[PDB]
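Novice: Provided hereafter are the protein sequence and its experimental coordinates.
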Amino acid sequence: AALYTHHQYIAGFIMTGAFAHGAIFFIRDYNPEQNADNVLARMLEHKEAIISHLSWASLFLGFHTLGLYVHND
Amino acid sequence: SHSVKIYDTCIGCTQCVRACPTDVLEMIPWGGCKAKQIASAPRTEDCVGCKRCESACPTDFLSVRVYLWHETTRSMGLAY
Amino acid sequence: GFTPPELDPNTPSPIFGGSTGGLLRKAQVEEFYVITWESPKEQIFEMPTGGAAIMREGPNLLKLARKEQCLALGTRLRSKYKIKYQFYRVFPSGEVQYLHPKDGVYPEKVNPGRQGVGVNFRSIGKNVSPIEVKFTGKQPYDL
Amino acid sequence: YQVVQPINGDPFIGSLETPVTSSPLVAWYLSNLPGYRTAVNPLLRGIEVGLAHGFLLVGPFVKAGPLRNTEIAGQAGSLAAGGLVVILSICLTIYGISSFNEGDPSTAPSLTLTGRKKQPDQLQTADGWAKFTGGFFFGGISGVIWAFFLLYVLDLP
Amino acid sequence: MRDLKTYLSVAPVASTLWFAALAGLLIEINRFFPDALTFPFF
Amino acid sequence: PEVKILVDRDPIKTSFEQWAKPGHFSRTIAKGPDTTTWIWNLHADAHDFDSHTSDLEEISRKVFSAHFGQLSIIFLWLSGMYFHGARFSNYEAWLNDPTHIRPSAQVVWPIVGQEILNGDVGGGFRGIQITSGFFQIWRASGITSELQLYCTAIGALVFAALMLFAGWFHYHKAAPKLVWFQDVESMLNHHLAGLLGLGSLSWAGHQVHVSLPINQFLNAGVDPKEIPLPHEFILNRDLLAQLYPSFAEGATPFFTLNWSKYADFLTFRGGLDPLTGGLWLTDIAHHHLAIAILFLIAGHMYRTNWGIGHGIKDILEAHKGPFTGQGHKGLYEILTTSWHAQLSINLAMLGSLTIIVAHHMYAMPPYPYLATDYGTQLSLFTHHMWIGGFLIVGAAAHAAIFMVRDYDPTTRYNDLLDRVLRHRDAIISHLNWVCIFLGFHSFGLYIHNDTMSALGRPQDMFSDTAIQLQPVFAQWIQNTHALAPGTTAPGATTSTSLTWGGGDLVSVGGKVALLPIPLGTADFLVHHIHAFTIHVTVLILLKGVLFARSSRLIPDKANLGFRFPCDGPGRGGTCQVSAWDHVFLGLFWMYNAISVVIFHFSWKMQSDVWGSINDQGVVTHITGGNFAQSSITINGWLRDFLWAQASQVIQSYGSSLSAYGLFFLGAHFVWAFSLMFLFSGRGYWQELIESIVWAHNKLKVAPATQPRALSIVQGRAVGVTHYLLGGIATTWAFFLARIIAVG
Amino acid sequence: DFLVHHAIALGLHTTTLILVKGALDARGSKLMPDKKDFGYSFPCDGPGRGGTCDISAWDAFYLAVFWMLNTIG
Amino acid sequence: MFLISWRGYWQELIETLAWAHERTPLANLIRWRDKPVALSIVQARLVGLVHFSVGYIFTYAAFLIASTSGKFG
Ligand code: CLA
Ligand code: CLA
Ligand code: CLA
Ligand code: CLA
Ligand code: CLA
Ligand SMILES: CC1=C(/C=C/C(C)=C/C=C/C(C)=C/C=C/C=C(C)/C=C/C=C(C)/C=C/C2=C(C)CCCC2(C)C)C(C)(C)CCC1
Ligand code: SF4
C-alpha cells in the first residue's frame, strides 16, 4: 500500500509539472513566425474547439457519475 | 519603480490623469487626434501601481499600460 | 517659466488635538511632505489620517508622511472647497522640493511647455514577442 | 481641563501624552533605570541588566521543568537558566554585530524633551554595545549562580 | 391586466410554473408505473 | 415641538406597470441588461433603500412598510405551525403520556418509497419527530384539544392578512412623514410601557386564569378531556377557589394592600417542579407581574407633551469629564438621522440577548416536560446560539456602513467618536496583542497535553490528576449561589437553579432533569478557549469598523465605497481592504466560535448532566462521564466525541432517521463545493466562458445577454454562503440523529 | 469498479481541461490580449474590465494542483 | 487561512503593529533593518497551496500506514 500510494502521488505531481512547462514554453521561447502554419500554430488556431470539447466531456462525466451515486445512496 | 507607457491609440480624454492618486500622469500637446492632446507619464518614481488609470481608459485595447517592476519605499506605500 | 513659490515657514498649522497616525521614524531619516493652502475662513475638515481639524483663516501648513496623503487632502480641498494648494517634499538634510502642481497648471489641462515621457507611437498589439528580447536586458514594451 | 495632550504641543507627531507615558512618577522611574541612564558607562548598565534577569530566570526553570519533583535533580535545573542566558547573549551579540559599525556614530537622538542638545547615547555604538553585551552576560550567569546559592528554605523552595 | 400577463412571463415565474407542471407530470407517472428499471414493452 | 400624527395621502399609486419593468428603483438597472451581471445586481441592491434615493422620508416610509411585510410572513409561519399541530399531529396522545410518546407534527406522502420517513413515534401514529418544543409550549398554555389549535391557526391567518393590508396602506394611502418617525421619546415611552408592560401584564393574566388551573388539574392526574374548559374557570369561580383559596377574597387584598393573602399562587420558591421538571408556574406568574410593573413605570421617563419627563439631549449633554472632552454632545443628532447607527446598536443588543436566552433556558427550564426531552433542549440551545452570533456580526456590518456613508464631522460632530478615531492605532495594537497572548495560553495547553499524552508522560499534563488549574472564582460564585437561599435571600426556599448545587437532584420518568454541574480543569481550559475566539472575532470586526474611511495604506478609502474588491495590485497588493471584506472574514470566525460553544455544551451535558436514574438512585450518564479526562487533549475530541457519536447518523440508512444520513452527506458536499468559489478568481472563469461561448456561436445558438463570470465580491459572497450552509447543516444532521437515536 | 472508474475518468478530464486551458491561453486571451508581455506568473490586471483575479498561467497550474490531489485521492 | 484571507487586511494590521512597537519604552531601543510587510499575492497563494498539500499527504500517510499495520492484514 505504501509503495503504490507513494508512486501514484509522485506521478500526479510530475504530470502537473509537465503541463506547467508547456505554458512557460509558450510564453517565453515560442516564436510565431518561425512556426507558421505547422502543427503547433494549428493547435493555437482552434483552442476554442479543444477547450469546448474537454469541457463537454468533463461535464458529461460529472453529471452522470454523481447522479448515479446519489441515486444509489 | 513601475513602468507606465502611453500608446498612440490615445484619444486624449484625460480620464487617466484625473484618476491617478499620486500625480504621475500629465497632458501634453499633440497633433494625432481631434483633441490635439496626449497623455504622458513624467513622474513614474511615485507610482504605487494601483491601475486606477487603466480602469478609466475607454479605448480598445488600452492606451495607458502599467507594468509592475522593482519595488521601493514610495512604490509600496509605506508610512514608516 | 513659472518660478515655483518658496516654502515660508512660520506659516501656522490647523488646530489639531494630536493622533497616533502622524509622522514616524521615516520622517526622521528618509523624507516627509508638506502641504500649504489658503482657507478664506476658519473651517472644519477631515484629517487624512484621523479625525477632524480646524483650518485657520489665512495660510495653512500641514506636515504629512506620504505623497498620496497630500494629494488626497488636496483633492478634497480643491473640489469640496474652492482652494488652491501646493505641496513639497522635505529631506532630513533640510532641503525642500516643490512638488505639485509642477509647472503651475493642473495636469488635467494641457500646457504648451511639456515634453512626452513614456510615449510609444504604435498600438499595444504591436509589441514584439518575448523571444525577441531574450538574453538582452530590455523589455518588449521598452520600445 | 483635559488630561491628554499632543506630545510636547506638536499635534502632528504620531503619539500622544497621557498619565501613562508622561507622568511625573513614571517619568522619574523610567529615567532612573539602566536603559535610560544615558550618561553612564554601558558596562555598568549591562551589569544591572544581567544581574536582575539571571536572578529572575532562575525560578521558572526550577519550579516547572521536567524534573521539578525529582530533587536529586530538582534544584540543579539552574543549568537551564544558564543555557538560556548563554543563548540570548549570543543573540545580543549577533544583533549588535549586524546593526552597527565602529566607524559610525551612535544613532540615538541628540535632542532632549525641551530642545537642548545632548551627547548621543553611546550604548547605540558598536563598541559600547559589545561592552554592554559583556556586562549583561557576566551579570546573567553570576545572577543564576547567586539565586542558586540561596537554596536555604524560606517560604516556597 | 396586460401588465400582469407580461409579469407572469418574467423568467423566475415562467420557470417556476414550467417546473411545477413537469414535477406533477413525473410524480404521477411514477405513481402509476412504480419501480421501473427497464422498458418492459417492446 | 408637540407630538402629533403627521401623514400624507396617496404618495404612490397601486399599479402593475412597474412589475413588468424590472429594476424600476435604480436608474442603472432600469436601463436594462446587456450582460448577465445585470441579473445579479438587480437582486443585490433590492433592499438598499438609502442608495436608491437621497430623501430620508422615502427611506423611512419604505422601512416601515417592509417591517409590516415581515410581520405578515411571521404570522403565516405561526399559522402553519398551529394548523399542523391541529391536523397532522399526535399531540393529544402525547398529552396523555408525555414521557413515552415522542412529538411529531409532519407526515409525508407515499410517493417514491419515502413513506419510510413516517416512523413509529408512538400513540398510534407514524411521522416525523419534531424538536421545536411546541408541545411543551402548548401544554404550558393550557391547550388540551385540537379545536383550540385550529382556532389559533385561523386567528393567525387573519392577523397575517391584516399585517399585509397595513403594509400596503401605510405606503400607498397614508404614509407618515419624517417628523413622525424622528420622535424617539414618545416611541420609547410606548414600547417600554405599552408593548412590554401591557404585554407581560396581559400574559400574567392568562397564566393566572388558564395555565395555572389547567396545569394543576393535569398534574393531579385528571384525564385531559375531563378537565373543565378554561372559560368555566372564569364563569364559575368556586372552581378556582377549590385549587387556590385566595381566589375567594378576589381583589379585596390587592386594594387592602394585604398582598400576603395572595401567597397561594404568587410564590418565590426557586428550583424546579419535581413532577414535570420545570419551573413552578406560581413563580412565573409572579415574575411577569413584577416585570410588568417595572416596565409600566419605566415607560414614563421621557418628556413628550406635558413638560414632565426627561430630554434625551439634556441627559447626553450633561455627561462629560476631563478624559473625554465634550462627550455625548452630538449623539442625539446622529441617532436620529441615520438608520444604520440604530440598526447596529439594535443588532448588537438582540444578538447578545439571544445568547443569554440560550443559557438561561437550559439552566432553568421554563416549560414542563422539556428538561427530560433531550433533543428539544439541544436543538433550542444550538438554534439560539447561531441566531445570536449572526445578529452580532450584522451589527458590525451596519456600524461600518454608517462610518462610510453617514459619518460627517462638518455638519454632525461628536467628540467621543472623534477621539476613538484619533487613537485607533493603540486600540487595535492592544487588542491584537491580547488575542495572541490568549491564543498561546489556551490552545497551547491543549498542544502541550496532546504531546505529553503521546510521549507517555501523563504526570506532566494539565489535568485534575497531574497539574490542576481549578477555576476558583467560578467555584466560589456557585458556592455563594448555593448558600444564597436563607442567608442573602431569606425569602427564597431553593436556589435559582439546580446547577449551583446544594446536593439536590430532580428526576422525571426515570430520567435526570437537573443536578449540580461540576467545574474542573477541563472547564477552565474550555472557557479560556472561548475567550480567545470571542476576542479574535472582535479584533476583525472592530478593525473593519475603525478603518472604514482611511488608512496609512489607502488614505481616501471612503471614496471607494463600503463594498469594493480592492484598490489594485499595487502598494504591495490591496485585496480585501474594504469593510465588507472584514465582515466576510468575521463570519468564518463567528462560525468557529459558535461551533466550539455548541460542541462544549453538547459533550458536557451528556457526560455529567443527562442520563437515567435507577430506583435505588444510581445515575448512569449517556456518555460515561469522560469529559473530565478526555476533553483536555485534541485526540479526545476527535475520538470520544466526533468518531464515537457519528455512529448514529452513519447507521440510519433503512430507518426513519435516514433523512439525516442523506443530509449529513449533502452538507459535506455543499461545504466542499464552496471551496471552489473561495480558492479561485474570476479571470480564469471568464476566459473559460470565452471558449464555451465560441462553441455556442458556431451553431447560431448563442445568447444575446452576454454571459459573464461573477463579480469579485459576488465570488467571495457565494463562497462564504455555501461554506456556512454546509458546515451548519452537517452539525445539524449529526446532532439531531445522535440525540434522537439515544434516549 | 465501473462507477469508480468513471470517477477516475472525470478527474483526469477535468485536470487536463484546467492545464490545457492554462497552456493554450498563456500568450493572451480576449480579456487580456497582451498577457505574454507580463510573464508566466503575476497577480492580476487590477479590478478593471470586471476584475482579473487569477488570470496568469501560473494560476491555472495552481488551480489544477487541487484537482490532481483530488484525483489521486 | 492563506487561501481565504488576502493581503490588504494583513498589511493594515502590520502597519498598526509597527506603530505599537516604535512607541513602546525599552523596546524601541531595538530597530529592525527590514520594514515588515504582509506577504505577496502570488506568494500567499503558493504558501497556502504548500500547507494544503503537505497536510494532505501527511494525514493520508498516517492513516494508511496505521490502518494496515494495525491489522497487519
Ligand atoms: C465538492 C466540490 C467541488 C465540486 C462538486 C466541483 C465541481 C465542478 N468543478 Mg471544481 N473545484 C473545486 C471543487 C469542486 N468542484 C475546488 C476546491 C477547486 C479548487 C479551487 C476547484 C476548481 C475547479 C476548476 C479550475 C474547474 C472546476 C471545474 C468543475 C466542474 C467540472 C465539470 C463537471 O464535473 O460537471 C458537473 C459536475 C458537478 C458535480 C455539478 C454538480 C452540481 C449539480 C448540477 C447539482 C444540481 C442542482 C440541483 C438541481 C439542485 C439545486 C439546488 C438549488 C437550491 C439551486 C464541476 C461543476 C472545471 C469546469 O468548470 O468544467 C467546465 C474547472 O475549470 N473546478
Ligand atoms: C531537535 C533536538 C532537540 C533536542 C536534542 C532537545 C533536547 C531537550 N529538550 Mg527540547 N525541543 C526541541 C528540540 C530538541 N530538544 C524543539 C524543536 C522544541 C520546540 C517544540 C523543543 C521544546 C522543548 C521544551 C518546551 C522543553 C524541551 C526540553 C528538553 C530537554 C528535556 C530533557 C531534560 O530534561 O534534560 C535535562 C535538563 C536540562 C536543564 C538540560 C539543560 C541543557 C544544558 C544544561 C543547557 C546549556 C546550554 C548551553 C550553555 C548553550 C545552549 C545550546 C548551545 C549548544 C548552542 C532536553 C535536553 C525540556 C527542558 O528540559 O527544558 C530545558 C522542555 O521544557 N524542549
Ligand atoms: C526535473 C524537474 C523540474 C525542473 C528541473 C524544474 C525547473 C524549474 N521550474 Mg518546475 N515544476 C516541476 C518540475 C521541474 N521544474 C514539477 C514536477 C512541477 C509541478 C509541481 C513544476 C512546476 C513549476 C512551476 C509552477 C514553476 C516552476 C518553475 C521552475 C523554474 C524555476 C524554479 C525555481 O527555482 O523556483 C524556486 C523553488 C522553490 C520556490 C521551491 C521551494 C518551495 C517548495 C514548493 C516547498 C517544498 C515543500 C516543503 C518544503 C516540503 C515539506 C515540508 C516538511 C514539513 C516535510 C525552473 C527552471 C517556476 C518558474 O520560474 O517558471 C519558469 C514556476 O513558476 N515549476
Ligand atoms: C402601545 C403603543 C404601541 C405598540 C403596542 C407598538 C407596537 C409595535 N411597534 Mg410601534 N410605535 C408607537 C406605538 C406602539 N407600537 C408609536 C407611538 C410610535 C411613534 C409615533 C411607533 C413607531 C414604530 C415604528 C417606526 C415601528 C414600530 C414597530 C412596532 C412593532 C415592533 C416589532 C414587534 O415587536 O412586533 C411584535 C408583534 C406583535 C405584538 C403582534 C401584534 C401586533 C399588534 C396588533 C400591534 C398593534 C399596535 C399598534 C400601535 C396598533 C395601532 C394601529 C391602529 C391605528 C389600527 C410592534 C408590534 C415596528 C413596526 O412597525 O413593525 C411593523 C417599527 O418599524 N413602531
Ligand atoms: C434586521 C436585520 C437586517 C436588516 C434589516 C438588514 C438590511 C440590509 N442589509 Mg444586512 N446584515 C444582517 C442583518 C440585516 N440586514 C446580518 C445579520 C448580517 C450578517 C450576515 C448582515 C450583513 C450585511 C452585509 C454584508 C450587507 C448587508 C447589506 C444590507 C442592505 C441591503 C440588503 C440586501 O437587499 O441584499 C440582498 C439580499 C439577498 C441577495 C438575499 C441573500 C440570500 C442569502 C445569501 C441566502 C441565505 C440562505 C438561506 C438562509 C437558506 C438557504 C435556502 C436555499 C437552500 C434555497 C440592507 C439595508 C448590504 C449593504 O450594502 O448595506 C448597504 C451588505 O452588503 N447586510
Ligand atoms: C501496445 C499495446 C497496446 C497499445 C497501446 C497504445 C496504442 C498506446 C498509447 C498511448 C498514448 C498515446 C499515451 C499518451 C499520453 C499522452 C500524454 C500524457 C500527453 C501529453 C502532453 C503534454 C504534457 C504536452 C506539453 C506541451 C504543451 C502543453 C504545449 C507545448 C509543447 C509541450 C509538448 C511541452 C494495447 C493497450 C492496445 C494492447 C496491449 C499492447
Ligand atoms: S484584482 Fe483580485 S488579485 Fe488583483 S488586486 Fe484586486 S482582489 Fe487582488
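Specialist: Arrived safely, thanks for sending. Numbers count the residues shown, from 1 in each chain, chains lettered A, B, ... in the order given. Ligands and ions are numbered 1, 2, ... in the order given.

Novice: From residue H:64, how far out is the residue in chain H that ligand 2 sits nearest to?
Specialist: Of all residues in chain H, the one sitting closest to ligand 2 is residue H:58 (17.1 Å; Cβ to the nearest ligand atom). (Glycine included, C-beta is placed from N, CA and C.) In this structure, residue H:58 and residue H:64 are 11 Å apart, going by Cβ to Cβ, to the nearest Å.

Novice: higher neighbour count, these two?
Specialist: Legend: neighbour count by other Cβ atoms under 10 Å in any protein chain shown for residue H:58 and residue H:64, higher for residue H:64 (14 against 10).

Novice: Could you verify my assumption that that one touches residue A:4?
Specialist: No. Residue H:64 lies out of contact with residue A:4 (Cβ atoms under 8 Å); the separation is 9.7 Å.

Novice: Count residues in the vicinity of residue F:204, would you?
Specialist: Residue F:204: 21 neighbours (other Cβ under 10 Å).

Novice: For the closest residue to residue F:738 other than its chain neighbours, list the residues it contacts.
Specialist: Nearest non-adjacent residue to residue F:738, counting by Cβ to Cβ, 6 or more residues apart in numbering or on different chains: residue F:648, 4.6 Å away. Counting by Cβ atoms under 8 Å, 6 or more residues apart in numbering or on different chains, residue F:648 makes contact with F:657, F:737, F:738, F:740, F:741, F:742.

Novice: Distance check, residue F:60 against residue G:46.
Specialist: Distance from residue F:60 to residue G:46, counting by Cβ to Cβ: 39 Å.

Novice: try residue F:577
Specialist: Applying Cβ to Cβ, the value for residue F:577 to residue G:46 is 14 Å.

Novice: So for those two, which sits in the more crowded spot?
Specialist: Using other Cβ under 10 Å, the more surrounded residue of residue F:577 and residue G:46 is residue F:577, with 28 against 23.

Novice: So the more buried one is in contact with residue F:554, correct?
Specialist: Yes. Assessed by Cβ under 8 Å, residue F:577 is found in contact with residue F:554 at 5.9 Å.

Novice: what residues are shared contacts of these two?
Specialist: residue F:567.

Novice: ok now do the residue of chain H found nearest chain E, which residues does it touch?
Specialist: At 31.5 Å from chain E, residue H:4 is the closest residue in chain H, using Cβ to the nearest Cβ. Contacts of residue H:4 were listed using Cβ under 8 Å, 6+ apart, and they are F:585, F:588, F:678, F:679, F:719.

Novice: Wait, the first one touches residue F:576, no?
Specialist: Yes. In this structure residue F:585 lies within contact range of residue F:576 using Cβ under 8 Å: 7.5 Å.

Novice: between the two, who's got more neighbours?
Specialist: Counted by other Cβ under 10 Å, residue F:585 and residue F:576 do not tie: residue F:576 has more neighbours, with 25 against 21.

Novice: secondary structure element for that one?
Specialist: Assessed by DSSP states H and E, residue F:576 sits outside every helix and strand.

Novice: how near is it to residue H:41?
Specialist: Noted for residue F:576: a distance of 11 Å to residue H:41, by Cβ to Cβ.
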